[PDB]
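Two forms, one chain: they're shown below as structure tokens, one block per form, named structure 1 and structure 2.
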Structure 1
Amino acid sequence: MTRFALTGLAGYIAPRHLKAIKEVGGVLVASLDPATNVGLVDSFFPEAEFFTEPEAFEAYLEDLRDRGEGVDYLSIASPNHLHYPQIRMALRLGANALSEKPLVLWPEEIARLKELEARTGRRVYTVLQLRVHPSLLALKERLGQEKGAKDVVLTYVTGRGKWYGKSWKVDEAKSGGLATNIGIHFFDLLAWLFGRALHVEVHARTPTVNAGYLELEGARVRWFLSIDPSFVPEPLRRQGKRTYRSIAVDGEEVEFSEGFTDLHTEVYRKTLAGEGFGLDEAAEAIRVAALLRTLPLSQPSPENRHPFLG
């Protein structure tokens, strides 16, 4: 049984990690979370230890290591800014890391972790589940058959109620900003499908809307991201729908369904089989997100302006 510890046990995404650890036959040995509604853990791993203090959690896994029972993986589902130091914890404990996205917030942290992987003999992986979504895998094989850059329009609107503005997720120093926190997976999907960003522009940057343009090696991309559910197109909004994804590639919609229940598990599966997404796979989206977070706004040309920008 591969042996896991987990951070962020009380959070929204952690149950998918409990399910994944179970479904690959792993065992959860310990969890860390300063918050304590975590009792769902009893249904999966009735024996797991639990800590509220990071140093106590670390001291415990270090004793496990020192007496031959260390965890193989620290799975990390804490707020975004804690990814890097908790990955650093995984490696100093002689463990591999399996971190929620964004893997870390800064290109400079990716580099530092490259070095520590070397000197530590351990590896850093990340959960990028769009990469295992069967429609998007299908999209990538097709594109492999095609010549020429694609023109892409990417839209993602994901309504959040009021609690969202009271959470770490809108605190730029913890979340990296809207584009990072609700965008990272789409910029990662774009890098995966279309390669490196030669040019990056940001055209709107407010508390509820980020929008802009990328020129990547394989695509020109106009993109729009929002947490305000009224950018949902009116035919779906009159239905009380709260979200809307759409990637169109050369005017054609890319149909990937919501229905998928298993993608965290598939990621965990790939990772254990030595096919996981490492620092090299993750880095380009992080680099773009860091630029998006820090670049001054620019005025878009008409070719370059997302349609929702008007």
Structure 2
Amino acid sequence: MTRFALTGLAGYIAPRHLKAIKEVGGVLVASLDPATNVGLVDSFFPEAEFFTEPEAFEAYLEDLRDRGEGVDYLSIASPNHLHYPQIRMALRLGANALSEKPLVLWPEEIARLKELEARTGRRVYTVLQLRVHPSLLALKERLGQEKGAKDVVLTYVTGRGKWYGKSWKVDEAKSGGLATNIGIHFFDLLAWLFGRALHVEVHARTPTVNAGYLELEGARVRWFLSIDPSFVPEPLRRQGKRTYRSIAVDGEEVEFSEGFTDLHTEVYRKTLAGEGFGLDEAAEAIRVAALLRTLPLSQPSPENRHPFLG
């Protein structure tokens, strides 16, 4: 029975973690969130300890550890800028970390975490559910059979209501900006499929749209990211869809929205089986996303312009 603590319990994504912990036969020992709108927790783990103050949470988990009943994992569902320091808290307390994406905001934070693993005997893992999406695992096998770099069009639209622009998600110091907070999913998919980015361009940047181009070891990629649902293709909009997440490559197209929200238990299962996504796996997309925070806009060549900018 794997022992978990959880940060960010009051949040949107937290119930998916509570479900994962239940489904892998784990127990939630304690949670942290400065907000107390967490009453849903009793329907999953009615005996879990709860803290509003991170310093009190830390002291409690240390007391559990300084006596043999420590947690095995800290699940981290706090705002992005808190992932790094809460992962360090976990490792120091003798727990593995399982952090939401992006694992951290900066490449310097990845480098420091690699050193800290070696001094604490624990490991840092991250939630990248696209890496367990059955359609994308199948695409990955297909693409591996083919020599040469591929040409890819990546379109990632996921609608967000008006609350998003009043939240931490649009504070770049907290979220990393749109290309990190939302785009890390696809920058990570592209690194997993096609390796390291040799060249990066950004062609459009507004509060709701970013678009650009990547030259990766295995592919040339035109990409478009939005949180404005008007960019969902019209035939799908008609049927009420608010998302469109598509990779077109090698003469095929895979739209990977189905089950996007139903893969957190599989990520937990892979992680507890020792097949999790660690620092080495997460680092490349974080490097790309971080470069994009400060990269100047450029004018795309026609070959490099995503079609939604045409």
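Rigid core: the largest C-alpha set superposing within 1.5 Å between the two forms. Counting starts at 1 and follows the sequence of structure 1.
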TODO: Align on the core first; then indicate which of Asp250, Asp63, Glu53, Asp280 has a CA shift of 2 angstroms or more between structures 1 and 2.
DONE: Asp250
Task: Large Cα shift (2 Å or above) at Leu198 between structures 1 and 2, core-fitted - done: no
- [ ] Determine, after fitting the two forms on their core, whether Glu141 shows a C-alpha shift of 2 Å or more between structures 1 and 2.
- [x] no
Task: Core superposition between structures 1 and 2, C-alpha change of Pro85 at least 2 Å - done: no
TODO: Please state the CA displacement of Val152 between structures 1 and 2 in angstrom, with both forms fitted on the core.
DONE: 0.6
TODO: Report, to one decimal in Å, how far the Cα of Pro296 moves between structures 1 and 2 once the rigid core is superposed.
DONE: 1.1
- [ ] After aligning on the rigid core, report the distance the C-alpha of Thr261 travels between structures 1 and 2, in angstrom.
- [x] 5.3
